[PDB]
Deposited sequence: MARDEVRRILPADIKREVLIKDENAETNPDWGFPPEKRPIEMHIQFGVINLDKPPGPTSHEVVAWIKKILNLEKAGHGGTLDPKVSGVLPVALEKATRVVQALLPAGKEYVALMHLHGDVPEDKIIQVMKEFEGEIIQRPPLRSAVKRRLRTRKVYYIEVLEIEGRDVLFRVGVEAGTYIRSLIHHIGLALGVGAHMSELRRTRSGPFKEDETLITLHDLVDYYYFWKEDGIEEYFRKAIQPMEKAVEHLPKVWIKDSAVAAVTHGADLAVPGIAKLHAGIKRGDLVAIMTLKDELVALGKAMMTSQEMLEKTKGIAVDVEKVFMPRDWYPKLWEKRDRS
């Protein structure tokens, strides 16, 4: 039941003396509702029917938003986890796209196969597969229930894997053929089926509760801080005196690191955080975790996408 996004990371400490100034920036739960939205992400439970694009278009018009983009597209008939980035957070979908998904599918067999044959044949698709051309990884398959020709199962996969195609190939391996009759995405990167997973009705109703009743609670819970979209990336945390420089397009040099994850290899996609766990930027590593740690000079991360506004932290340089 394990995806690579689940691996736990070790935090290596570079400057034990680094503290943060609480007068600077806005930690997620210190944000006025309007700022929360500007930098928010919805863990939407897409309903069957509409495309992912239409769904997002409705959200924009109904919440009166300028900009919004979803992560991995879900097909019209599919439901479940569709992450929707809003406003200034919109570009973080690029952090979500490569990450793995999990589905609960309902496969329908076109002929009769014993329950043990089924379970054993599906077991064999774990690992790499190739679909029509490219190669794709299946992290796990779990058969929950079989009711004659109906097979209900969970699957964890690499981004890009087509579940239709996969179920079709299982049909061929069993011989009788098969099609997918029902699909629901239950996880997409750091987004999962949890209390944050909100349907459209709940989402638009909460909006009115706030916009038309002065009730802020319910809609605030509907929106996650953009930081959520980055829970699965390796991180390096920076001293306050480097934060403003970096929102200004400066690369992150080694003297500005307070703390980082282990495991970072050159070329890796990393999230740059403040010591308050606000997200500053996305970047590509120029150094390994160990290199950043032992050095006293040099560029450790090329800063590529800046999310935090320039005026949250003072120009300390």
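Q: How would you write out the unmodelled ranges of the deposited sequence, numbered from 1?
A: Missing CA coords at 1-7, 140-149, 335-340.
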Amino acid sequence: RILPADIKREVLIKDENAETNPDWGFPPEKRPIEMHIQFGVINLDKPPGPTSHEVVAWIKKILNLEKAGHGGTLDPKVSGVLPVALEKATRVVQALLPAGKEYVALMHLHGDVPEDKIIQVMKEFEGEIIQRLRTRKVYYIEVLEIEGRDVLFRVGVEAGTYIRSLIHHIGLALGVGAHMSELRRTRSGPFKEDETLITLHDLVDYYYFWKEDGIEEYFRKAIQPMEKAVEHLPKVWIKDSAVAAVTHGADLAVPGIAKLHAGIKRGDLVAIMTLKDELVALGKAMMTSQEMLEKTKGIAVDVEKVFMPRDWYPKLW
From here on, numbers count along this sequence of modelled residues.
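In this text, the rigid core denotes the largest set of C-alpha atoms whose superposition between the two forms falls within 1.5 Å.
Q: Relative to this form, superposed by the core, which stretch has the greater CA RMS in 7 other deposited structures of this protein: 123-131 or 150-158?
A: Of the two stretches, the larger average C-alpha offset in 7 other deposited structures of this protein falls on 123-131.
Q: For the stretches 121-129 and 81-89, which has the higher mean C-alpha B-factor as given in the deposited record?
A: The stretch with the larger mean CA B-factor is 121-129.
Q: For the stretches 268-276 and 288-296, which has the higher mean C-alpha B-factor as given in the deposited record?
A: The deposited B-factors put 288-296 ahead on the C-alpha mean.
Q: Between 187, 108, 235, 134, where does the Cα B-factor run highest in the record?
A: If I rank 187, 108, 235, 134 by C-alpha B-factor, first place goes to 134.
Q: Name the residue from 227, 205, 115, 102 with the greatest C-alpha temperature factor listed in the entry.
A: Within the set 227, 205, 115, 102, 115 shows the top C-alpha B-factor.
Q: Against its chain's modelled residues, does residue 30's Cα B factor rank lowest, middle or highest third?
A: Residue 30: CA B-factor falls in the highest third of its chain.
Q: With respect to C-alpha B-factor, does residue 199 fall in the lowest, middle or highest third of the chain as deposited?
A: Tercile = lowest for this residue's CA B-factor.
Q: Place residue 219 in the lowest, middle or highest third of its chain's C-alpha B-factors, as listed in the PDB entry.
A: CA B-factor rank for residue 219: lowest third.
Q: Ranked by Cα temperature factor within the chain, is residue 154 in the lowest third, the middle third or the highest third?
A: As the PDB entry reports it, the C-alpha B-factor of residue 154 lands in the lowest third of its chain.
Q: What third of the chain does residue 64 rank in for C-alpha temperature factor, lowest, middle or highest?
A: Answer is highest: the recorded C-alpha B-factor places it there.
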